[PDB]
Amino acid sequence: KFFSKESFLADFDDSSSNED
Amino acid sequence: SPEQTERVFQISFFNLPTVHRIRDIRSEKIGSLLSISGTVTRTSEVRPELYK
Amino acid sequence: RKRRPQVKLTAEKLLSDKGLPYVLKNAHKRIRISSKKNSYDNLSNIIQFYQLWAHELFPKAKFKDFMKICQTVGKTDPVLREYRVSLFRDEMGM
Amino acid sequence: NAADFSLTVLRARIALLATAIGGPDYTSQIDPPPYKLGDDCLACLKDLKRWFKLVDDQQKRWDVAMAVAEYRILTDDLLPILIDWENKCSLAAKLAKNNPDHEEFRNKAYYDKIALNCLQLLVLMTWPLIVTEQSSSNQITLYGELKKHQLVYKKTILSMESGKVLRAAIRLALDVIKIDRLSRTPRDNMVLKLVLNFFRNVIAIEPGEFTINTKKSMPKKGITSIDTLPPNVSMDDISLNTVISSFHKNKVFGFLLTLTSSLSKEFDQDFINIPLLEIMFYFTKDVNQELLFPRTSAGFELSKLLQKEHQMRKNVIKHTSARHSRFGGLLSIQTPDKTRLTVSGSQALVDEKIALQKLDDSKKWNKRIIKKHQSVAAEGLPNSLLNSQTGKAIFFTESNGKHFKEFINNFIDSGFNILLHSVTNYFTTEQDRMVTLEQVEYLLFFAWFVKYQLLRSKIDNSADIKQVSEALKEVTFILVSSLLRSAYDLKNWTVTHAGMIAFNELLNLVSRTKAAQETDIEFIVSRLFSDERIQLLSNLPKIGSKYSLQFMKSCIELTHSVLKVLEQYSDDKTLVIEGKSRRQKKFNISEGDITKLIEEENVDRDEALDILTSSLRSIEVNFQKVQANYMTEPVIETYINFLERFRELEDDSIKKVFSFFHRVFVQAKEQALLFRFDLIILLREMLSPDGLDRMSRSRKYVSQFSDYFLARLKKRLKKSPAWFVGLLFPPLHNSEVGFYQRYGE
Amino acid sequence: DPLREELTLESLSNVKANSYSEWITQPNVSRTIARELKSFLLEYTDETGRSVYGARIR
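Residue numbers (the deposited numbering), protein chains in the order written: chain K, 324 to 343; chain 6, 255 to 306; chain J, 46 to 139; chain I, 11 to 305, 329 to 551, 555 to 781; chain 2, 175 to 232.
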């Protein structure tokens, strides 16, 4: 179960956009 | 507003199933949730307790 | 000014008539362990005779403290040690 | 009057600087006042850093920290600056993601520099406060109040709009992370270390300890409180539930996961290997793994707790007199030696045992009980399982507990192995230079995550135990065993306790992996039990009785694990162990023998000479010898002392104690070890209605052991009356009669 | 001098203190209220054009 850093940047920017 | 203290929340539990009289008060039930009907004779001054 | 020494459990105290000779005289008569009784009653009967013996011997101390000072005296006093080996030697001689 | 004048001019200058950093911009009319930076304000940040350098560091004072704290620089200046930078950068990132090269910052480098300096002051001001010996008297005077100000700091960090400063800190970290690995300067990795250190400061802040002066005698009033809390700060704000909530809301957990999982491929691991382990330890120092798996349900456990309280209250009011206090009842008891002893009571009138308990309790002389005085707190260490009570429970909520479970599960499934390998790489070269703090946190991190993976694999079969497979390498074996040995030889007892916990969980992991698969398992059980470590684990219980309850419980669990892992080899006989030879073991080698071994196991002769030497120190141990070495009287003394605290403990610890008592009293067959009177008093206390509950499963085997114990006791006293003395005293050592005392001939 | 260097009114609105009395107790701030109140007493006139506090002092 590898966690990608680019996925964390994408999730950071997306939760900055709408935060769900 | 620099002064900011912890709010002293007060919990009120009303609408008990039974009401007690002053004559029915016994010392076996201290620290227990009781409801008492009565007539106030006199009231005191609104004074500050030292809480904390 | 030396007025009084506070009393402790000593070698002369165990070697009195009221002491370990009392235990050898009356412990087998007093102590009864039965399988019909439950373990609480058996253990309390073990404690009871020794507690009365402690309250007759050294009443100043509590009973757990009495067992602690008996452990200390049994580790320390040599007269008690030679009495304890004398009991075992006398019973294996017979 | 130099000292107070210097103090008031220092406080005046910090007040002037705190006014000079910035203002809330009351000129602009917005319903929340936006924070506005002051003119020439980055120089003020450098002046706070210069003041914290020149005064706090070399001159051994802490006046600057409280001078900052009473004027609320962290509360009112640094946090609004970082939160404003975070909100502006988030809005700019949104607008640049939708349309690039539109609406930029005017002075982004200045804002990034002042944000970095604010984060530097957050790390420098929330550093963990340790006061060892030979320190300055200013720090000793100021330690408690500065701990309270750090508690205010932690509450304000976690509570200010649910901790947006954590998002600011991770944004300062991903400023570094966006750069490629080859283009990253070491200053950028030091900024990453700054962010990880900030998170360890946020987690690691705990309430202080209450220190008293014992030169004067303690008065009749005594200690009225040990509360060490600031006015607005409660225990809920400091607790781990708010930490987990603020970390999950601000995505700190994903940041820690994505730096843990790619520690070797993306980041320079030597910069951030130690603060990451410190962060994991500061989560897991106060969390019990059994309570994290819960197995109306709150009301279910509440109803069972009220039933237990009702049964204990019924057993209490059995002793309570039915009449009032002034209703005087005097009882004269007699022994069969004729005497009169008077007791005063109404319940004691009828039954003998309550009357004798009154006669025992009426005495006002108490024996001295010497205390270790808890010298672990003198060292600079956080409160953990080595210091907390065994009955201490962390009360996670549903959402916070689920988020913590998900974070720990993803940590183990992603990067526990890489982090553990990197740390045991770093510490195996820095073994002789690390102070007790890194040893304790390494052993606790290892033991906690091994135990949590063991419990998760036991509860659920979806998880794999091989996810902590890098716990089972030889390097971690050498590191844990050497840490425990060096802790024992230097008489250091905190690291001994942490290594005892780590060795117990290491043996538990080995037992689980051996029970799963039936190989390298014989190699590793030969590796751990080699050298003089069997003597180490043998003499750890002999010295246990002097120390605290948690040390003694770890002695219970370690000895139970040792006997459980060594009783598996009672019939299989595979107990080859590297031993230490004392006198001459020199052998004239034969090169024909060497060459035929070269043909046998395909080896070079230098390492075949190594094998030929190592075969000479190989010995075999007897498990009956291991038991008979464990049966020494101080081991029984410390286990009886551990069984004294039977109200506080759960069923498992006393189950282990009574299993070892079955090992002593049935299997090994020497019974004079348990023929002492403290065990008899304790068994009376446990089997009483005031002690163990009748509905508990512990009382069944306590009653069975006591039945078999009194059966053998009545057999021994019927065969020999002299043992009536022998219950009182420690057992005898004279060889002419000691065989009859121990075994009855 | 650090005990003598003063500050301004929008820096007085910024409290930076735990309580009001600890802020008024602080020295350079106390001289800032001192000079501001001296300017208030000396330079207060109404729409007529007379200093009220000068006549009150008289």
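For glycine and all other residues, C-beta sits at the position ideal for the given N, C-alpha and C.
Does DSSP classify residue i as helix, strand or coil?
{"i": "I76 (chain J)", "result": "coil"}
{"i": "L364 (chain I)", "result": "strand"}
{"i": "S172 (chain I)", "result": "helix"}
{"i": "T375 (chain I)", "result": "strand"}
{"i": "residue 553 (chain I)", "result": "No coordinates are present for residue 553 (chain I), because the numbering of chain I runs from 551 directly to 555."}
{"i": "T166 (chain I)", "result": "helix"}
{"i": "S327 (chain K)", "result": "coil"}
{"i": "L576 (chain I)", "result": "coil"}
{"i": "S724 (chain I)", "result": "coil"}
{"i": "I124 (chain I)", "result": "helix"}
{"i": "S225 (chain 2)", "result": "strand"}
{"i": "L216 (chain 2)", "result": "helix"}
{"i": "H343 (chain I)", "result": "helix"}
{"i": "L47 (chain I)", "result": "strand"}
{"i": "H274 (chain 6)", "result": "strand"}
{"i": "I290 (chain 6)", "result": "strand"}
{"i": "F267 (chain 6)", "result": "coil"}
{"i": "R641 (chain I)", "result": "helix"}
{"i": "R191 (chain I)", "result": "coil"}
{"i": "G448 (chain I)", "result": "helix"}
{"i": "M245 (chain I)", "result": "helix"}
{"i": "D729 (chain I)", "result": "coil"}
{"i": "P285 (chain I)", "result": "helix"}
Taking the beta strand (DSSP E) that residue i belongs to, which residues open and close that run?
{"i": "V612 (chain I)", "result": "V612 to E614"}
Taking the alpha helix (DSSP H) that residue i falls in, what are its first and last residues?
{"i": "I114 (chain J)", "result": "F108 to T121"}
{"i": "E656 (chain I)", "result": "It is not in any alpha helix (DSSP H) - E656 (chain I) instead sits in the beta strand (DSSP E) that spans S654 to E656."}
{"i": "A30 (chain I)", "result": "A12 to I31"}
{"i": "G628 (chain I)", "result": "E627 to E637"}
{"i": "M533 (chain I)", "result": "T527 to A549"}
{"i": "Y779 (chain I)", "result": "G774 to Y779"}
{"i": "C54 (chain I)", "result": "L52 to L64"}
{"i": "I213 (chain I)", "result": "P196 to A214"}
{"i": "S519 (chain I)", "result": "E507 to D522"}
{"i": "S255 (chain 6)", "result": "That residue, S255 (chain 6), is in no alpha helix (DSSP H); it is neither H nor E in DSSP."}
{"i": "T674 (chain I)", "result": "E669 to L679"}
{"i": "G424 (chain I)", "result": "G424 (chain I) -> no alpha helix (DSSP H), and no H or E assigned at all."}
To the nearest whole angstrom, what separates the beta carbons of residue i and residue j, a pair I think is in contact under 8 Å?
{"i": "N433 (chain I)", "j": "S255 (chain I)", "result": "6 Å"}
{"i": "residue 316 (chain I)", "j": "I570 (chain I)", "result": "One cannot assign coordinates to residue 316 (chain I), given that chain I in this structure leaps from 305 to 329."}
{"i": "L52 (chain I)", "j": "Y120 (chain I)", "result": "7 Å"}
{"i": "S274 (chain I)", "j": "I451 (chain I)", "result": "6 Å"}
{"i": "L764 (chain I)", "j": "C115 (chain J)", "result": "5 Å"}
{"i": "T270 (chain I)", "j": "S447 (chain I)", "result": "6 Å"}
{"i": "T595 (chain I)", "j": "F696 (chain I)", "result": "7 Å"}
{"i": "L102 (chain J)", "j": "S742 (chain I)", "result": "Incorrect: roughly 27 Å between the Cβ atoms, too far for contact."}
What residue from the options has the CA that sits closest to residue i's CA?
{"i": "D729 (chain I)", "options": "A496 (chain I), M345 (chain I), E412 (chain I) and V657 (chain I)", "result": "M345 (chain I)"}
{"i": "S16 (chain I)", "options": "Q660 (chain I), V74 (chain I), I31 (chain I) and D280 (chain I)", "result": "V74 (chain I)"}
{"i": "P304 (chain I)", "options": "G232 (chain I), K230 (chain I), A79 (chain I) and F429 (chain I)", "result": "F429 (chain I)"}
{"i": "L470 (chain I)", "options": "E155 (chain I), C99 (chain I), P415 (chain I) and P229 (chain I)", "result": "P415 (chain I)"}
{"i": "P44 (chain I)", "options": "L92 (chain I), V78 (chain I), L84 (chain I) and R71 (chain I)", "result": "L92 (chain I)"}
{"i": "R23 (chain I)", "options": "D41 (chain I), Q39 (chain I), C54 (chain I) and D94 (chain I)", "result": "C54 (chain I)"}
{"i": "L134 (chain I)", "options": "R60 (chain I), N348 (chain I) and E627 (chain I)", "result": "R60 (chain I)"}
{"i": "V52 (chain J)", "options": "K74 (chain J), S79 (chain J) and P104 (chain J)", "result": "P104 (chain J)"}
{"i": "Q160 (chain I)", "options": "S172 (chain I), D465 (chain I) and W137 (chain I)", "result": "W137 (chain I)"}
{"i": "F623 (chain I)", "options": "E635 (chain I), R653 (chain I), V639 (chain I) and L89 (chain I)", "result": "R653 (chain I)"}
{"i": "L476 (chain I)", "options": "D522 (chain I), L539 (chain I) and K491 (chain I)", "result": "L539 (chain I)"}
{"i": "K386 (chain I)", "options": "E412 (chain I), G413 (chain I) and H352 (chain I)", "result": "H352 (chain I)"}
Using 8 Å as the Cβ pair cut-off and three pairs as the minimum, do the stretch 690-698 of chain I and the stretch 731-744 of chain I touch? yes
Are there three or more Cβ pairs, one per stretch, closer than 8 Å when the stretch 108-120 of chain I is compared with the stretch 186-201 of chain I? no
Okay, do the stretch 183-198 of chain 2 and the stretch 763-781 of chain I touch, 3+ Cβ pairs below 8 Å being the bar? no
Can you find at least 3 beta carbon pairs, one from the stretch 595-606 of chain I and one from the stretch 438-446 of chain I, that sit closer than 8 Å? no
Evaluate contact between the stretch 661-677 of chain I and the stretch 568-588 of chain I, counting only Cβ atoms and requiring at least three cross-stretch pairs below 8 Å. yes
Do the stretch 25-41 of chain I and the stretch 74-89 of chain I meet, that is, are 3 or more Cβ pairs less than 8 Å apart? yes
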